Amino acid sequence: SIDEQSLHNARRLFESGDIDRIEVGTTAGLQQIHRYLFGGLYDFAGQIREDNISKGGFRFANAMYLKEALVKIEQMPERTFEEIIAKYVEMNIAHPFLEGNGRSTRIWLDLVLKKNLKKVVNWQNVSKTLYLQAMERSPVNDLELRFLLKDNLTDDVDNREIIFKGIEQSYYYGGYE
């Protein structure tokens, strides 16, 4: 039900045009996204975590230096696809919230791609299994992730079907329907 309400928030972010007022490629902008999706649902919406977390055998950036890491991550360049993916990979390693990192940071990635390349990821055609494998591998080698995403870019960045079917797939990655 938390997931269902945040899915409505995600849809409203785009329907309302509020997506166009989110700061692009910064820590604050990621926090804006997270606050929009999870405000009133998670107590920690928008807030940088103070606890440590791991998933599938990988420990995300230690909370004691997470703030410092985010200051450096947000300054990374965004000129090319390769640089943008590298920045995304580091933001994923940071994993700045207790929950909802995946959904918020994918929206954050699309904004950076859209601003710098005039493209976004056509998530509806990006397999859950291949996406999750590629993300798990990305800290060591982002080849899997680059191969996957580059083949699924679209320049039709405001198309309703791409946007809304993409949001649905994004939520599916986290286990919702």
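In this text, residue numbers run from 1 along the sequence as written.
- Looking at mean Cα B-factors across 76-84 and 102-110, the upper value is held by 76-84.
- Just going by the entry, 39-47 versus 124-132 on mean CA temperature factor gives the higher value to 39-47.
- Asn141 sits in the lowest third of its chain by CA B factor, as recorded in the PDB entry.
- Per the PDB record, residue ranking by Cα B-factor puts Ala63 in the middle third of the chain.
- Annotation for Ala69: CA B-factor lies in the lowest third of the chain's modelled residues.
- For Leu30, the recorded CA temperature factor ranks within the lowest third of the chain's modelled residues.
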